[PDB]
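Only one chain is included here, represented as structure tokens and corresponding to the form deposited in one PDB entry.
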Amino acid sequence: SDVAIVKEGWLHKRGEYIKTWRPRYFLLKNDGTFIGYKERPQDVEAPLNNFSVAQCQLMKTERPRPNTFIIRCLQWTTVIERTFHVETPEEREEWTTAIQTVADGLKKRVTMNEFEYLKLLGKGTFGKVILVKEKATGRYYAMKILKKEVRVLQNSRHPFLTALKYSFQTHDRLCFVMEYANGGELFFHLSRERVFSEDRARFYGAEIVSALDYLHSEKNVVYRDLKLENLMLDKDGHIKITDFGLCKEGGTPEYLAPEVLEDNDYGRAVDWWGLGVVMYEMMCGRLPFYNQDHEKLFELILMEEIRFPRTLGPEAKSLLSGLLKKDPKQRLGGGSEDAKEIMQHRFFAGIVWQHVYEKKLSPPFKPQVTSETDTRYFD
């Protein structure tokens, strides 16, 4: 089959970090990609699953605004919600029908008592994340509990991604049990050490690049939430990117790519931005931007630029400068090569990437834990 546009038109998308409604031109192709653009798209990339309407339920409501239709999608272990608004009810119905057609057209023992519930890691609209301990193994896991109302496919394993081990559902809930690293939060390590050495950051940076490459080329998904808070270390001291994300309703926007703040089309380059912010904090001991006013913090990320400390090396300068480019098309890793643009960078000279993936590179830091069951970083 050939990928063509099923329906295109102007919609009013609710901003994901801005309560306001925003005029965006959306394209609905038969591959399932529902992407919206600030202006009518240039007639001139690879398919990302972030925008796929596959396995999504459409809900038409009149709140908080009349003629509203909501797409609700289960992506990996996180329910995402995208709210849209049209002017006439007839437009909504031909939009939902079009999307429902493509969505359907793309079809082509374990219980709660087995775990011990120590800490609430996060709460959200469609569920919560809880730090649990399996009674039998004595091991620590993160359980992602989602509302049910809202096949072992574990070839999704990767050394630097929190593994989704299994999935079970209770009466009215769907629970995702996943690995929880006990090497402590990385921000807790960074703040404790104030700043990472340039080579140490290289290590953490390399392992993230490996994982991002994996998500982009194999899984064709964008992580989109690459921040310091979402990075942990395992007992060995290697990076684990978490998957504890939840939708919430009603500083925080610092880790956000400019195109994401402007609710434009975003792609893989967003993760490289995220990567830039993280590696900036590791080598500088400070976020790129800080100011309190959300309108000023937004404009900081949108138009103001990033100063570099003279303590920083020139190779790190070129890397952060490229990673933290305002325009995703000019951004390092933003072209077709993706992660290859970043892996070939001089900051990562002498770093062989097959070895990073096989954890051959010796960690520059070893967490103070005898075992995975060591609760030294939880207390």
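Residue numbers run from 1 along the displayed sequence. The term rigid core refers to the most C-alpha atoms you can superpose between the two forms while keeping them within 1.5 Å.
Another form exists, deposited in another entry; not displayed. Remarks below refer to it.
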C-alpha displacement of 2 Å or more between the shown form and the other one on the rigid core, among 297, 287, 306, 86: 86
Core superposition between the shown form and the other one, C-alpha change of residue 57 at least 2 Å: yes
Rigid core superposed: residue 214 CA moves 2 Å or more between the shown form and the other one: no
Residue 341: Cα shift of 2 Å or greater between the shown form and the other one (core-aligned): no
Residue pair residue 58, residue 215 - Cα distance in the other entry, closer or farther (3 Å or more): farther
Comparison of CA distance in the other entry with shown form for residue 214, residue 73, at least 3 Å: farther
